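Participant: can you look at this? It's an experimental structure, sequence on top.
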Amino acid sequence: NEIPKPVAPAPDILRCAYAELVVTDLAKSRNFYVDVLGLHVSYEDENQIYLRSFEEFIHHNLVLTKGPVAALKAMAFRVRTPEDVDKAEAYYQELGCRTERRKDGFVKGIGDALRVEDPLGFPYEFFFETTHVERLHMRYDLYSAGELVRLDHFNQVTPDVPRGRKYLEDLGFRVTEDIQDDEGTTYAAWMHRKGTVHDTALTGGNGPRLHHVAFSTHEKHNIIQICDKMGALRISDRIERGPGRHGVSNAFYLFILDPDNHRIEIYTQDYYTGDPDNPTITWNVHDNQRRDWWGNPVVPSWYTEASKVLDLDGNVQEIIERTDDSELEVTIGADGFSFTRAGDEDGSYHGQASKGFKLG
Amino acid sequence: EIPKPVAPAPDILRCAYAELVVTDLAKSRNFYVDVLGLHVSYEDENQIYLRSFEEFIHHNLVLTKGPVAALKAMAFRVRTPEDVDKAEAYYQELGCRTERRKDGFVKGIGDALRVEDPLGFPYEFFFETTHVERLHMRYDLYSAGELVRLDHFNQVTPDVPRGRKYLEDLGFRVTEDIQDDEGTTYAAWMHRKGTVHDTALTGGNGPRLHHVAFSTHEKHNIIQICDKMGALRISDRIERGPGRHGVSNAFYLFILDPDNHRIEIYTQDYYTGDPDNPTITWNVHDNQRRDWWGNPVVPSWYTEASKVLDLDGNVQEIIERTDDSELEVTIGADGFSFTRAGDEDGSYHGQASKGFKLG
Amino acid sequence: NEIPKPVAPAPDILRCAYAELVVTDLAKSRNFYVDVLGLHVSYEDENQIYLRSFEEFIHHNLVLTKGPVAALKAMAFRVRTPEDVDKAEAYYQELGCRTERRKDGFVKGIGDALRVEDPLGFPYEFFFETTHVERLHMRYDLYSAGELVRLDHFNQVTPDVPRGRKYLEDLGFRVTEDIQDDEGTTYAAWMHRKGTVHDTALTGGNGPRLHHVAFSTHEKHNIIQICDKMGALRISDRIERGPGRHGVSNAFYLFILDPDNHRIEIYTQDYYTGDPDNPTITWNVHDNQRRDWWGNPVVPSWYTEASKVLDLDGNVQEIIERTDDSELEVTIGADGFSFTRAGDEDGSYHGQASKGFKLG
Amino acid sequence: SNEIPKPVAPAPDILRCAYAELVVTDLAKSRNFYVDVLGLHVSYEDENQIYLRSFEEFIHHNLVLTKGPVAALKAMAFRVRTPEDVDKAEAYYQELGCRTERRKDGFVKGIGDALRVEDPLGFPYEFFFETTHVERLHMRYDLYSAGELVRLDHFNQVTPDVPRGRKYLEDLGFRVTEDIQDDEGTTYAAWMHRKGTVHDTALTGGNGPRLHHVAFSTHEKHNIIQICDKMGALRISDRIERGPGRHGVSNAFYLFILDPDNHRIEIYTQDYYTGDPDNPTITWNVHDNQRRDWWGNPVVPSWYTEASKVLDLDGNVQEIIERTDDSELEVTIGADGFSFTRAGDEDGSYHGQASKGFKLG
Ligand SMILES: [Ca+2]
Ligand SMILES: [Cl-]
Ligand SMILES: [Cl-]
Ligand SMILES: [Cl-]
Ligand SMILES: [Cl-]
Ligand SMILES: [Fe+2]
Ligand SMILES: [Fe+2]
Ligand SMILES: [Fe+2]
Ligand SMILES: [Fe+2]
């Protein structure tokens, strides 16, 4: 059932800015994000760790908060002006959503902020005010071989992609790429504000769940180094999928799992989307180059596993099951199909994955 | 067991070229020249002679049109002309069939000896070769995926220790191997030129040629080969990778030519030229040994390999391996692998890593 | 004298989009831009060559036009909507500037367009409508080892940097970085619309002249390959300066010269500037890490040579001499000075360039 | 004749360059350069010495820093194939009439039976086989730096008569891969190898004996860029002497930097294979402006004039003999010099100055 376009104007969203993840063991989480991945500590105490990427000047891109159940607490977007926080509040109130306004913020280093339970059940934050910190972009004395340089995007699991897509377009996101079939089903959509391929994305599945948070590197070798280091630390079992080249987005990528199974993507070298008529690319769901351009198989956990999200009271949001077709099932499941070249039987896969594999 | 001859081994410098029989020369040319960017030293209607960016000898790869795709010769360069005579005396003492051609078997090679070696492989030894323009600074020709050197061969043979002892007597030094706790050897790597290997033995039914490997300068050059194959919509010919190897520590990719000959692209292994270079043995169940990142080894990697020819041009009969199968003990229904030895977390039983089983 | 701020609203400028350069020998220029640099031909005839970068979807990023005197004919910015071309016309008419509007464009592949002789003497174009072409961003079968992936910026030589800066700020560009001294002189300023360090920049000098046009690559090795290729072609004398790391912008860079001496920069890996409170950075003109972070000397031609620009009648604009202090003279001239560490005599240079050189 | 005659005694079989011992004046400041800035790995340290190795090394060290009163090269060490090659080295240099010192338990920690010699060009060479093996760090990506130095690649020596030194090194088994000459018959520089890269040592024409540099490898070109970027961030870009660049000779990507005592260190990657015995030898003309930097960037004058003192076996600085052959600096970038981009083309040539608009400071 369609989400109506408010009469109230949408807040002017700049970009994704930070995520707040609830973690069960703060020290174990710190080891992963600081010792393994090299993120920079803006502040920490016994309850939280505030982390930022190499080129960031706002206070943080990730807040790790100790709690009893691992989950997304907030995905936060920065808006253009202080007045845009009021616009966000009016907009979501018109949508009939639950909102909470804190003039001095929900986390350290953020000022006036609005959190909402959005129409898809996700906890979004909108803020302008943030404490500036030392921008480390030329601190090559600190630069890691695997350095994470920016926060790039979020990716959300939701059962009805077109419903969510309309809502995000009304909010001002522009769809850059999607995955559909020839029977009218949408499996995934990518959408932006900042002029990269995306600031968030929708992946079809049971939800609301958080699929991943993505950080950028400068170069491909930086992503390779993360893999290599994970090998050396004998934690290659925490490499979920990749490294690879995406079809959708054209970015070089890697998916890894934190200690609470929150999925983190490392990402580089997508393209510019800032023109308002940026061409929107649709891939067919059976195209075996759409997710991994090299045709490597998508690991099944990528389609089945994702993080819980919290409501504004701190309780886990109920999951609504997807009724639309499953991307897993139609591509790599027993009745699935994929191709390398459209219309060619040679290099096609029937009821299994590419490269000689089946689902475990 | 293969006895050590009284005759001295020829002094082998390095792997130098492979001669592959291909069924459609134009389709093979597309792959090796248009897709992969190797440089043409000579061609006609019957053969294409190719070399890498930094090579000064005539060629690293000869593609010969023939009825059955197969390895025709894997050639090693020896230090002096007199080493070809040593090779002949050596293989005659071993009781092997040999053929000597004072003017070579292929263009751009002079005095050469071909043998059917004790493992059934067609080896060539030569010194004399026609020098060509070394293209190492020809950056006007340099491809984003440029192949810069020939690095090694990899051979499938059923009894790895038997082959390893023979290659050690021939002067190759083992650098790395894969074994299990119960004393089975699955693979060994061995060198002359001071890299991890010039050839390698992979346990399996043989003789078959597993692959020929070329080097790039950097990891991004290997990524570009993958990217290009996607753009050409031939990603189905990317067999396995890209990855980081455990054994050798090299960044790698395996692709398949039009006759299913497997080619590896490889970079950034380490120096092995000291005579006490430490050997490294990996456990077969270690899921970081072949792909350091734990990505699963695709089953075709263990099962598929190229036929090899005898000196009459006929396919060599295959002898079955009786020792344990690396595929079966790691990714088969009764196999297992680990991330950390002794840890059930991050271990895989009856299937491959990353959530896959065999198709 | 100060350029007034119009009452009329500024057009919403998206980004730098293309340059039109006049060249004297179209075949020799084609060899440089297509055969040496690998740019992609959108259209060509006996009078013009239209070129685009690897990731571009608009018709072109560079038009080479045969003519009698090598010069910049137009520096074009894309605007957000067709209505913004009307806004640009009103804005420049209010400024008292010569304008010319053509509903079907000045070059192939551009529609309704406004060209102006701006207050600094530069031929600016504003357009929205453009012919979309095949985006080559995943055409790795065409990808060069030195592939140019995007148009990044222009750089303009103008005698009075503060005067120009105020004008560009009123027009909506946001200053990201600048170079000044302790006596109130501004030597250069960088300013953006699209969320990178810049879309254009002002370099103090006799003007109007065009200093350079810059294209991006994905990675640093792509820039090194251009150098290597130019060595193999035995045209290393056309490598003007670099490769290096910039202080200002933090980008990896190279400056080369086309057959008519137009300067082309290759550039990669600057940072995100899209937030409205993006911190500005001011460098001192005597800081020897400001232009080349590694302290390599700035070649003197970089300060003295730049391209002629045309007015709307196709005639070369008269050059007005800078009276403010010269960056060349105050840093590497006979009475100049530069430092490695502020206040440290060790690693400072008096009356000469860094690394043991004087001016030839 | 000045020739160094070939001994009748067989040459030791030399594997490769292995380590250098450098005397430094302030051990803590040197440690901060080699460990904290460059990321070399500690094999042993005390208040007098620091022993360091590269990422892929299995022998005990590639560099020994020894506190002393005068910064200088104390020894440039080559590993030999077998224990018996140390005896061969001793007999070889004794036949040449050189001062030798044999220590059956080594001169530095982690090296066993070793011979040091004052060689015929005045350099302190060491030959050894026995060395303490350590953990090879080649897969320790948890320790890998963005600028990681992976191997010791070569030494480079300044000596006044390049042909005289070249013949001596060839007799010792080094093979020349590249050199720089002019049409008048002067040799300015030569590169020579044992291990199958472009070189293990090299001769640069100039006043000597002096040590021009010690060179370490990286995996990739971005690793070298990172060293530069890090030195900028540390505000020690004045210690970047020359580069980064692409060499003509060797085809390697390179950078030259200066340690706290002004010992020059090169970072180097991606030269080519030279192991075949008929490896084609490449001669460049001294006036070719692409021979040293392929992109035609000018060679910094200090690169031609400055180099490190070397010690004799008593720890005293070796007397320096002046070059009488033509100077590479003078004939290329000096007042009466010249260079070209294209041979025979005045366009892209430089006369009485360097390339890119620069004169000598
Ligand atoms: Ca269908
Ligand atoms: Cl994906
Ligand atoms: Cl493997
Ligand atoms: Cl600059
Ligand atoms: Cl040099
Ligand atoms: Fe993503
Ligand atoms: Fe291999
Ligand atoms: Fe620029
Ligand atoms: Fe060197």
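Facilitator: Great, that's in hand. Numbering: from 1, shown residues only, chains lettered A, B, ... in the order given. Ligands and ions are numbered 1, 2, ... in the order given.
Participant: and the residue of the stretch 201-350 of chain A nearest ligand 1?
Facilitator: Closest contact between the stretch 201-350 of chain A and ligand 1, by C-beta to the ion, is at residue A:286 (7.5 Å). Using the backbone N, CA and C atoms, a C-beta is placed for each residue, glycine as well.
Participant: against ligand 8, how distant is that residue?
Facilitator: Distance of residue A:286 to ligand 8, computed by C-beta to the ion, to the nearest Å: 45 Å.
Participant: that residue is in contact with residue A:340, isn't it?
Facilitator: No: the pair residue A:286 and residue A:340 fails to qualify as a contact (C-beta atoms under 8 Å) at a distance of 10.3 Å.
Participant: remind me what the biggest strand by length in chain A packs against, helices and strands.
Facilitator: Secondary structure of chain A per DSSP state E: the longest strand is strand A:13-23. Here strand A:13-23 is seen to pack against strand A:62-66, strand A:71-79, strand A:123-127, strand A:150-158, strand A:209-216 when contacts are counted using 3 or more C-beta pairs under 8 Å, 6 or more residues apart in numbering or on different chains; DSSP states H and E.
Participant: all helices of chain A, in order?
Facilitator: Residue ranges of the helices in chain A, as given by DSSP state H, are A:26-30, A:83-94, A:161-170, A:220-232, A:300-304, A:327-331.
Participant: what does the fourth one rub up against?
Facilitator: The reference is to helix A:220-232. A:36-37, A:144-147, A:217, A:236, A:238-239, A:242-243, A:252-254, A:256, A:266, A:268-269, B:218-220, B:223, B:244, B:246, B:251, B:288, B:292-294, C:219, D:139-144, D:220, D:222 (C-beta atoms under 8 Å, 6 or more residues apart in numbering or on different chains).
Participant: which one is the residue nearest to the spatial centre of chain A nearest to, not counting chain neighbours?
Facilitator: The centroid of chain A falls nearest to residue A:154 when counting by C-alpha atoms, centre = their mean (2.1 Å). Counting by C-beta to C-beta, 6 or more residues apart in numbering or on different chains, residue A:154 lies nearest to residue A:200, which is 4.5 Å off, once chain neighbours are set aside.
Participant: ok, now residue A:219?
Facilitator: For residue A:219, the closest residue by C-beta to C-beta, 6+ apart turns out to be residue C:219, at 5.2 Å.
Participant: that neighbour and ligand 9: what is the separation?
Facilitator: In this structure, residue C:219 and ligand 9 are separated by 26 Å, where distance is defined by C-beta to the ion.
Participant: check contacts around the residue nearest to residue A:126 when sequence neighbours are not counted.
Facilitator: Of all residues beyond its chain neighbours, the one nearest residue A:126 is residue A:88 (4.0 Å), with distances taken as C-beta to C-beta, 6+ apart. Applying C-beta under 8 Å, 6+ apart to residue A:88 gives the contacts A:11, A:79, A:114, A:116, A:126.
Participant: hang on, residue A:352 packs against residue A:331?
Facilitator: No: applying C-beta under 8 Å as the test, residue A:352 and residue A:331 come out as separate, 9.9 Å apart.
Participant: what is the neighbour count of the residue lying closest to residue A:348 once chain neighbours are set aside?
Facilitator: Leaving out its chain neighbours, the residue that sits closest to residue A:348 by C-beta to C-beta, 6+ apart is residue A:339, at 4.7 Å. A total of 20 residues lie near residue A:339 under the criterion other C-beta atoms under 10 Å in any protein chain shown.
Participant: again, but for residue A:161
Facilitator: Neighbours of residue A:161 under the rule other C-beta under 10 Å: 23.
Participant: so what's it up against?
Facilitator: Residue A:161 is in contact with A:186, A:187, A:188, A:189, A:202, A:203, A:204, A:324, counting by C-beta under 8 Å, 6+ apart.
Participant: got it, and residue A:238?
Facilitator: For residue A:238, the contact set (C-beta under 8 Å, 6+ apart) comprises A:230, A:256, A:257, A:258.
Participant: mind listing which of these are in strands?
Facilitator: Those of the contacts of residue A:238 lying in strands (DSSP E): A:256, A:257.
Participant: can you pick the most crowded of the contacts of residue A:238?
Facilitator: Highest count within the contacts of residue A:238 by other C-beta under 10 Å belongs to residue A:230, 25 neighbours.
Participant: ok, back up a step: report the two of the contacts of residue A:161 separated the most.
Facilitator: Distance extremes for the contacts of residue A:161: the farthest pair is A:189 and A:324 at 12.7 Å, using C-beta to C-beta.
Participant: looking at these two, which one has more neighbours?
Facilitator: residue A:189 (28 against 15).
Participant: my read: the more buried one touches residue A:166, true?
Facilitator: No: under the criterion of C-beta under 8 Å, residue A:189 lies out of contact with residue A:166, with a separation of 10.2 Å.
Participant: number of nearby residues for the residue of the stretch 251-360 of chain A found nearest ligand 9?
Facilitator: For the stretch 251-360 of chain A, the residue closest to ligand 9 is residue A:268, as judged by C-beta to the ion, at 33.0 Å. Neighbourhood size, residue A:268 [other C-beta under 10 Å]: 22.
Participant: do the same with residue A:66
Facilitator: The tally of other residues near residue A:66 (other C-beta under 10 Å) stands at 16.
Participant: also residue A:266?
Facilitator: When neighbours are counted by other C-beta under 10 Å, residue A:266 registers 25.
Participant: bridging residues for it?
Facilitator: In this structure, residue A:266 has the following beta-bridge partners (DSSP bridges): residue A:215, residue A:254.
Participant: surely it is in contact with residue A:148?
Facilitator: Yes: Residue A:266 sits in contact with residue A:148 when judged by C-beta under 8 Å, with a separation of 7.1 Å.
Participant: what touches both of those two?
Facilitator: Taking C-beta under 8 Å, 6+ apart as the contact criterion, the common neighbours of residue A:266 and residue A:148 are A:215, A:216, A:217.
Participant: the second one: what's it in contact with?
Facilitator: Each residue near residue A:216 by C-beta under 8 Å, 6+ apart is listed here: A:53, A:148, A:149, A:150, A:151, A:152, A:266, A:267, A:268.
Participant: now do the single nearest residue of the stretch 151-300 of chain A relative to chain C against ligand 7, distance only.
Facilitator: For the stretch 151-300 of chain A, the nearest residue to chain C under the criterion C-beta to the nearest C-beta is residue A:271, separated by 4.7 Å. In this view, residue A:271 and ligand 7 are 35 Å apart by C-beta to the ion.
Participant: next: residue A:325.
Facilitator: Residue A:325 sits 41 Å away from ligand 7 when distances are taken as C-beta to the ion.
Participant: nearest spatial neighbour of that residue, skipping sequence neighbours?
Facilitator: residue A:185 (5.1 Å).
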